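# Summary of the model geometry
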Amino acid sequence: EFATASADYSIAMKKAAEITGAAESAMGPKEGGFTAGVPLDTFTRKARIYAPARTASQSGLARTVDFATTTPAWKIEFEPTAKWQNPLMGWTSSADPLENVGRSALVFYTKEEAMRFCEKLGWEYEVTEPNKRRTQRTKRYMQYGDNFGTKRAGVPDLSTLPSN
Amino acid sequence: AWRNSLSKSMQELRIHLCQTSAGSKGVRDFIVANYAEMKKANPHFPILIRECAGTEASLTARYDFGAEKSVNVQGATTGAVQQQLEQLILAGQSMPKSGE
Amino acid sequence: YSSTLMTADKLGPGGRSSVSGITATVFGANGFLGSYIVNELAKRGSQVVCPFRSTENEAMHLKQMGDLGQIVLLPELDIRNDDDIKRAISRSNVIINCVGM
Amino acid sequence: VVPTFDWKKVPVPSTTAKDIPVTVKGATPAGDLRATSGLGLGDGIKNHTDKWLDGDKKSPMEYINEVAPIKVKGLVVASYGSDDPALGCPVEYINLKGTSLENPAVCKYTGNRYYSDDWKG
Amino acid sequence: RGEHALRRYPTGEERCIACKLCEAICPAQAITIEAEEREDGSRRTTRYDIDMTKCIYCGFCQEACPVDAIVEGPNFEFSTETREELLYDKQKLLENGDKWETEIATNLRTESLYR
Amino acid sequence: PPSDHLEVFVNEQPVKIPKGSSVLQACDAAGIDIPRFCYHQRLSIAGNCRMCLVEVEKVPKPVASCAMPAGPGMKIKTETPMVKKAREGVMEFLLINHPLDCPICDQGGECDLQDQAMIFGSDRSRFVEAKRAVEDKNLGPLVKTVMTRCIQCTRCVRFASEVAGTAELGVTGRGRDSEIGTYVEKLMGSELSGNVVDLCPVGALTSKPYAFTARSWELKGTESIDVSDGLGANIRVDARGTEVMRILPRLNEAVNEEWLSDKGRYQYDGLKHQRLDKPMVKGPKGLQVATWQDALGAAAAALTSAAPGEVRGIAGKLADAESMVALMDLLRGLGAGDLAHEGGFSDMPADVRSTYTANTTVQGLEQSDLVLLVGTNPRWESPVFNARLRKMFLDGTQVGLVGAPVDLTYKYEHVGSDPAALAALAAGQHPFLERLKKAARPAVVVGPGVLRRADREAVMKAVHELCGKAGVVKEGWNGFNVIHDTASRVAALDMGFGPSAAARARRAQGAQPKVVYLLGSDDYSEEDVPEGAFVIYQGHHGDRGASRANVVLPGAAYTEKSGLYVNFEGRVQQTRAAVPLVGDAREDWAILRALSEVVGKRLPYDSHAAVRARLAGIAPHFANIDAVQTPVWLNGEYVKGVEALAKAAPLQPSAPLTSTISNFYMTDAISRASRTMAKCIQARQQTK
Ligand SMILES: NC(=O)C1=CN([C@@H]2O[C@H](COP(=O)(O)OP(=O)(O)OC[C@H]3O[C@@H](n4cnc5c(N)ncnc54)[C@H](OP(=O)(O)O)[C@@H]3O)[C@@H](O)[C@H]2O)C=CC1
Ligand code: SF4
Ligand code: SF4
Ligand code: SF4
Ligand code: SF4
Ligand code: FES
């Protein structure tokens, strides 16, 4: 029996991605970036390929690598660029063309997707493998009965009994 | 003796190898068999032994003014890496001299 | 003083939104040469003070040349009165004159 | 064994020590840590209201400081910010025990003070 | 829905508590907010600016605010000779609110039956 | 094996799970994120939130998946009408007394309660009664407590009792009037006290310095590393524009799990004060603002005006590997061989990395049932490492200490306090040796303050003797470990940032240089910085070194760049730039390269990747980012090779093995400029 989030449009997005002929397309390095028509200096900067780690504020795990096949969770970012403030108001002033386009739009299911995207676009890229979460607990308090086992202070000594 | 001479020809001697590589066996043998005596004569000379997985064996020496030479010693023997160190010492006498 | 004028408060690549940190007052700004001088200074991101004697109609072309808060219009300038001159340069470390007849 | 650590011998830089943000009685212990932002540092401003208010106009802090605390029967008070609840703030339930005219409970939404002489005092 | 304005409580304290719902909801990005805790422990704004040249007067800010702090006043004749005069700060918004409070309160006394 | 992985079914899905796992863990392995409020990964099972209720066949009642063990053949259902009904009822019971404080609550936008109510809750409420009003509590200036918001998930109590070990918080009252906090007015003495707010799933516990400052979605999250110590905790930086707003820890089991020192939590405030933005050159009137061209020319003239033996370079605590290697190449290229480190023991020989690292690693340390401490205070050297030590203590690991007896939040055995006691232990005079000689995986750890002793060779020789006698290092195991308290020390050791023997001799007879360069150093001794000597300072904060300096170059702070930093175990980590450069600041290695070009000897590299490749050529492991190699071991040949250094400067049996760290809350200029640390110091001083 197969059941992997089998009650949504995502299946319709699973297929039409594996269409024969359409699934064999390939482009060379920097080739897609030529088709972009953007200024050529865009490819000179460095980019970070990664998945953001789970925030400490919440126990939520949806926007994490745990549901990797469910949602595209690989992000491409750029080095932040010079920023300053408006003399008249104090608002943050900057000239970065690539300021937010990645953190808002660029989302990928696997790291290899972003690798191919950068290669076909010519963006030099860094890979940062996210740390794996640990599910195995500690030896102490391993089970609910460990909160009240004998390991806390050892076996009770029967020396204070009447007649000892 | 070359060991006593290995204090004026260069200012630093650096060694690169791999813990588990087959071609790194010889440099491992040489270091194990010679590090104690190569340091006993000069108790302050910098001899940086560094290792990493998948790397390549090489002997690199630092000279005055930052002059530096390197020789790969992958696939050699303990006697062979000793020979390479000997050529390293040989070039060390014909170097610019600093400190003064 | 030597190069601190053009370097200390320079913020940005040098565009309209950039800040050169330079405060200057130009006299005869609405004149032929002064207009281009002001347009050149402000376009690098500098604060410009423009006091004028002629009409605001002849001076409105200067308003576009600077960003919000960097074009200072001081009407009814009197060259015989030093009060307006003192107000014109009260914040500018640079003074430029093109008043000619 | 395990001797105590002398906290008073620790050297403290004078410049940093004298710019710690402290607070009036208000809603907290007097002189506790006050959260501050980087705004106003370039202009060298160490007052919250001075960041946005100009001149000697009456501050909202002075306005609310002119309202005496309110005496209400019971242990829990309900604050809406207005006579009709929908015109003010969300309803707040504020504890009244252990509160006095000297030490009342101030509204977190509106800043109004309340107290009750019902907790056996 | 006219000129945005900041409202107070009848004792005199600002209604805005810097929950930043107005800035979050604003699709015009015309609201800039900075805030910290006041010296009395109160949670108040340190910078409250709305760009009228950028504000679209949608009133979604007035819909989002749960304390009736930000309101679009019945003032609509506020054109200026320079664009800089329309860069509304906290002080001018508070001035507008203090000016137009009675009319806004009267309108709310009607709009409360619908809002 | 007797089937260590048992099988169950969750919604008709077979999932293989380890024995002793819970239904919560099974559903996690099933790809379901069950709503939960009180359970945590690092804490004991509480099971009072009732939010983990699920349905199991042949069971009439909902079962506590956060606590229910999984039996073989079990069937688990998570979408039945009763499941949703129970979830909605539980949420309603949560929200009836909760105060309507979301507009003023700081956790709005990252509130687990809010999202769980949105998903698993309803939209309407039928509660119209008066709520329960709870007075707030004072625990110190670090955490703001809004007790009325508390849902009594008990996470604070479990955390304080287990991780911190202070056990200062509890549950007072009963029923609805159950109350959380301390019966008396107490200040939270926990050094890892800021983790509770992150562990608090609601706005009841909030960071007082962060209160009412900005919102979660207003921030840009940048994953960074902690440079306040030598452990290098993985953290995320949240900022609004160019200003840092808060810094939060991130998951790294092998380094810091989910924990951060409060020093590394609240020292971001200092980035707003005493900041160097412009180059300064000392004129007749004093230091004045000057261009980078002018400052670089003045520095080049000062450097070239003196002989190579009259130039000294010192590396601070927060200098990165790139700037360190660039400056080392610069000074070497001009015939200078005077190198110093602000972290001390700049003359310590560094030939084998294992000799100055933790060979058991931090996570491999948890395999040891017996641990030996030699003159270290991990509580004030690395509170996260101390917390991991406590976690190891919690399941039978015994710890011995040789040095100053200090509070370490767990029971231990004090063998002694001086090297004579260490010699007695190695001789066989103490019972602790036989316990060491019988332990299957013994561990020995030495702090950096030992390395600051003038007789460090003798102490190392004694430690090696004890390790050999107890077999601490053997096949498949290495309990020998070396730790540190500053990040820049490890990279300097690995890159060979050590003074020449000629410079060591020159110090020995008392030669005094004239050109002194500081790379972000502010805790130098007076003996390395002669008065009347020209000082070239590079940094990002105005401090003691900056004041005495003659030429100042505004550098880059760790929150503004991406520098390489290796922790004491030898794992390469790098920071990340979260906000742009402040003022006219420049890249540190770019600054040094510019100076090299101006002087007349260009560095052969012109890019960040180029200097990193130069580092890799110097030491191959630098390329492996976020990993660690297994260091080689050379047995007693190293010790027998450093015997002469032991002969000179013999052992001092009287000096106790203490910790040189005397001010936890202030160790560097950034800590010395932070307001929050000063507030904590005053609070700890107002308790008497
Ligand atoms: N080839 C050239 O044009 C040369 C120019 N120069 C100098 O360049 C400057 C400008 O040249 P150009 O701009 O072409 O000449 P313009 O006549 O075009 O500039 C005249 C400016 O002088 C102002 N002005 C003159 N007298 C007064 C006054 N008494 N009170 C106030 N404002 C006054 C005018 O103001 P209003 O508009 O109200 O009259 C106008 O702004 C002059 O100073 C001239 O000497 C030098 C050499 C050659
Ligand atoms: S105006 Fe209203 S919605 Fe906007 S920040 Fe203030 S209280 Fe919140
Ligand atoms: S009315 Fe609309 S555009 Fe104007 S401030 Fe409110 S939300 Fe923004
Ligand atoms: S803790 Fe969450 S639900 Fe409770 S008041 Fe704060 S934001 Fe609202
Ligand atoms: S204060 Fe926070 S952590 Fe403690 S019981 Fe209440 S909700 Fe849980
Ligand atoms: S996690 Fe199950 S009741 Fe708390």
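Up top you'll find the structure we're talking about.
Residues numbered from 1 in each chain as written, not as in the entry; some residues may be left out. Chains lettered and ligands numbered in written order. Part of a larger assembly, values for the part shown. Heavy atoms only, no water.

### Thoughts on the packing of helix α11 (residues 419-427) of chain F against helix α14 (residues 456-470) of chain F
Residues and elements named next belong to chain F.
- At their nearest, the axes of α11 and α14 sit 9 Å apart, and the two run at 25° to each other. When the interaxial angle is binned, α11 and α14 end up roughly parallel. Pair α11 / α14 crosses with left-handed handedness. Contacts from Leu422, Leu425, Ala426 and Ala427 in α11 reach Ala462, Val463, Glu465, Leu466 and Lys469 in α14.
- For the contact of α11 with α14, the residue count by class is seven nonpolar, no polar and two charged. (Axes fitted to C-alpha atoms, helices over the stretch in contact; angles between N-to-C directions. Helix = DSSP H or I, 4+ residues; strand = E, 2+ residues; numbered from the N terminus. Parallel < 35°, antiparallel > 145°, perpendicular 65-115°, else oblique. Left-handed = near helix turned anticlockwise from the far one by under 90°. Contact = heavy atoms within 4.5 Å. Nonpolar A, V, L, I, M, F, W, Y, C, P; charged D, E, K, R; others polar.)

### Regarding the site of ligand 4
- As a matter of local geometry, ligand 4 sits amid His98, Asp101, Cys102, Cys105, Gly108, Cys111, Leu113, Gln114, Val202 and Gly203 of chain F.
- Among the residues forming the shell around ligand 4, the class breakdown is five nonpolar, four polar and one charged. (Near = heavy atom within 4 Å.)

### What about the packing of aromatic side chains?
Residue and element names in this part refer to chain F.
- Under the criterion given, the structure shown has 15 aromatic pairs over all chains.
- Between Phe480 and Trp633, the aromatic rings sit 6.1 Å apart at their centres with planes inclined by 55°, giving tilted as the arrangement. Of this pair, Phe480 sits in strand β23 (residues 480-482) while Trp633 is found in the loop between α19 (608-618) and α20 (637-641), placing the two residues 153 residues apart along the sequence.
- Classification of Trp633 as partly exposed rests on a relative accessible area of 30%. (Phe/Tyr/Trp six-rings, centres within 6.5 Å; stacked < 30°, edge-to-face > 60°. Buried < 20%, exposed > 50% of the residue type's maximum accessible area, 1.4 Å probe, protein only.)

### Things to note about the interface of chain D and chain F
- Each partner contributes to the interface: chain D provides 33 residues, whereas chain F provides 40 residues.
- For the pair chain D and chain F, the summed buried surface comes to about 3200 Å²; carbon and sulfur atoms form 64% of the total.
- It is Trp7, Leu33 and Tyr93 of chain D in chain D that bury the most area against chain F; as a group they hold 23% of the surface buried on that side.
- Residue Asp19 of chain D is joined to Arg675 of chain F by a salt bridge in which the shortest nitrogen-to-oxygen separation is 3.5 Å.
- Our enumeration of links across chain D and chain F arrives at eight residue pairs in polar contact.
- Of all the secondary structure elements, the ones that give two or more residues to the side of chain D that touches chain F are α1 (14-17) and β3 (92-95) of chain D.
- It is β3 of chain D that contributes the most residues to the side of chain D that touches chain F, four residues altogether. (Buried area = accessible area lost by both parts, 1.4 Å probe. Salt bridge = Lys/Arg side-chain N within 4 Å of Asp/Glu carboxyl O. Polar contact = N/O pair within 3.5 Å; in protein donor to acceptor, adjacent residues only side chain to side chain.)

### Brief notes about the sheet that holds strand β1 (residues 46-50) of chain A
Residues and elements named next belong to chain A.
- In space, the three strands of this open sheet follow the order β2-β1-β5, with mixed pairing throughout. Pairing within the sheet leaves two strands with one partner each, and these edge strands are β2 (75-78) and β5 (124-127). Looking at each pair of strands side by side, their axes are set apart by 30° on average, direction ignored.
- Here helix α4 (residues 111-121) sits on the sheet and contacts β1, β2 and β5; the angle it forms with β5, its principal contact strand, is near 165°. (Pairing = 2+ DSSP bridges.)

### A closer look at the site of ligand 2
- In the region of ligand 2, the neighbouring residues are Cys16, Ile17, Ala18, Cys19, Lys20, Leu21, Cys22, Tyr48, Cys65, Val67, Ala69 and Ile70 of chain E.
- Across the shell around ligand 2, the residue classes tally to 11 nonpolar, no polar and one charged.

### Quick notes on the interface of chain F and chain A
- Taken residue by residue, the interface counts 51 residues in chain F and 41 residues in chain A.
- A buried area of about 3700 Å², summed over both sides, lies between chain F and chain A, and 44% of it is on carbon and sulfur atoms.
- The interface formed by chain F and chain A contains four salt bridges.
- Residues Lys220 of chain F and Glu77 of chain A are paired through a salt bridge, measuring 3.2 Å at the closest nitrogen-oxygen approach.
- Taken together, the connections running from chain F to chain A amount to 17 residue pairs in polar contact.
- Listing elements by their share of the side of chain F that touches chain A, those giving two or more residues are α1 (23-29), α3 (112-120), β10 (220-225) and β12 (243-249) of chain F.
- Ranked by the residues each element gives to the side of chain F that touches chain A, the list is headed by β12 of chain F, at three residues.
- For the side of chain F that touches chain A, a count of residues per class yields 16 nonpolar, 14 polar and 21 charged.

### So, a positive patch on the surface
- A cluster of basic side chains, namely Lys139 and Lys151 of chain A together with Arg441 and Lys474 of chain F, defines a positive patch on the protein surface.
- If you trace the backbone, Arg441 of chain F turns up in the loop between α12 (431-438) and β20 (442-446).
- A relative accessible area of 35% places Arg441 of chain F in the partly exposed class. (Patch = residues over 30% accessible without salt bridge, like charges linked within 9 Å, V, L, I, M, F, W, Y side chains within 5 Å. Areas by Shrake-Rupley, 256 points an atom, 1.4 Å probe, with all protein chains shown as cover. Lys, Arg positive; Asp, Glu negative; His and termini not counted. Charge placed at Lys NZ, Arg CZ, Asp CG, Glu CD.)

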